[PDB]
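Asks: Sequence, then structure. It's an experimental one.
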Amino acid sequence: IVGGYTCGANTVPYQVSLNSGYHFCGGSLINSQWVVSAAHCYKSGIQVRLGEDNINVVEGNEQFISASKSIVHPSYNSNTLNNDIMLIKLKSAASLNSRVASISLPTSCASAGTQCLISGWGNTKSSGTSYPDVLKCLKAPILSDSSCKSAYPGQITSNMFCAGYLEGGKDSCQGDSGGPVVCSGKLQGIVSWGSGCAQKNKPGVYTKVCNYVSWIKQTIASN
Ligand SMILES: N=C(N)c1ccc(/C=N/OCC(=O)O)cc1
Ligand SMILES: [Ca+2]
């Protein structure tokens, strides 16, 4: 997260870190057994880390649970990043409490102008590289589809939206991938892609979760 703020320990209780010996992606806990992330975060041997603030220090509220299975969206295209969404099932159910909590799926899509909270342990620099150890947060508006398409000609599908600031300076970044965009207590987006980070006229692009609710529910119901 570039140009954000320190969230505060366990203030974003649905935020997970995906770990394969090291943090590599974010995710969002959607019930005691399931995490939503980006398909481009797919790999084998994932351990889901819940209740994290400092990802490098055991602070007392963590739950580390290995993934039993991952399900990449059936129509995920890694070239275009269309349908950049994946479900991860935990080998055992997380213990839910104030600091480890699921986030609601949307019942309707959010609109341009809605303010959302974007979070992660990604790069905090728009030119250099600096990885924070504690969770970072950014409040950002969803942008209009027209401005999103104008920013990224020929690249924005109906399964994507832009959020952030056309002026630059405030954005998600590398390492935030798969993490949440939450708007009025609903998971509306997943950190997917963008040109660099926090660049002028290059806002963050996010997987449009409201498109996938049917698939998420049906998948969970049978796996
Ligand atoms: N909002 C952005 N500008 C943005 C967001 C996410 C990415 C994803 N990079 O994938 C590599 C990785 O996470 O390891 C790029 C740009
Ligand atoms: Ca920790």
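Replies: That came through, no problem. Numbers count the residues shown, from 1 in each chain. Ligands and ions are numbered 1, 2, ... in the order given.

Asks: got the contact list for the residue nearest the centre of the chain?
Replies: In the chain, the C-alpha nearest the mean C-alpha coordinate belongs to residue 179, at 1.6 Å (C-alpha atoms, centre = their mean). Residues in contact with residue 179, defined by C-beta atoms under 8 Å, 6 or more residues apart in numbering, are 15, 25-28, 37, 118-120, 122, 172, 190-191. For the C-beta atoms, the positions are set from N, CA and C on the backbone; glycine is no exception.

Asks: which residues does the spatially closest residue to it that is not a sequence neighbour contact?
Replies: Spatial nearest neighbour of residue 179, chain neighbours left out: residue 26 (2.6 Å); criterion: C-beta to C-beta, 6 or more residues apart in numbering. Residue 26 sits next to 15-18, 37, 119-122, 176-180, 191 when contact means C-beta under 8 Å, 6+ apart.

Asks: Buried ones among the residues you listed?
Replies: Buried subset of the contacts of residue 26 (neighbour count, 16 or more other C-beta atoms under 10 Å): 15-18, 37, 119-122, 176-180, 191.

Asks: what about the helices in this protein?
Replies: 145-151, 213-221 (DSSP state H).

Asks: Adding distance to residue 160 and mean neighbour count, write those out as TSV.
Replies: Shown next, in TSV, are the helices of the chain (distance: least, C-beta to C-beta, whole Å; neighbours: other C-beta atoms under 10 Å):
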stretch	distance to residue 160	mean neighbour count
helix 145-151	7	16
helix 213-221	16	13
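
Asks: Measure how buried the closest residue to residue 168 other than its chain neighbours is and give me the count.
Replies: The shortest distance from residue 168 to any non-neighbouring residue, by C-beta to C-beta, 6+ apart, is to residue 200 (4.0 Å). For residue 200, the neighbour count with other C-beta atoms under 10 Å is 13.

Asks: Check the one 5 residues further on too.
Replies: Applying other C-beta under 10 Å, we find 27 residues neighbouring residue 205.

Asks: gap between it and residue 100?
Replies: 28 Å (C-beta to C-beta, to the nearest Å).

Asks: With residue 213 instead?
Replies: For residue 213, the distance to residue 100 (C-beta to C-beta) stands at 23 Å.

Asks: same thing with residue 149?
Replies: 38 Å.

Asks: can you check residue 24 too?
Replies: Here the criterion is C-beta to C-beta. By it, residue 24 lies 20 Å from residue 100.

Asks: what's the closest non-adjacent residue to residue 135?
Replies: Nearest to residue 135 is residue 7, by C-beta to C-beta, 6+ apart, at 4.5 Å.

Asks: All the strands of the chain, in order from the start?
Replies: Counting by DSSP state E, residue ranges of the strands within the chain are 5-6, 15-19, 23-31, 34-37, 47-50, 63-72, 86-90, 115-120, 136-141, 160-163, 180-183, 186-193, 204-208.

Asks: How about the residues of this protein by ligand 1?
Replies: Listed as neighbours of ligand 1 in the chain under the rule C-beta under 6 Å from any ligand atom: 171-177, 191, 193-194, 197, 204.
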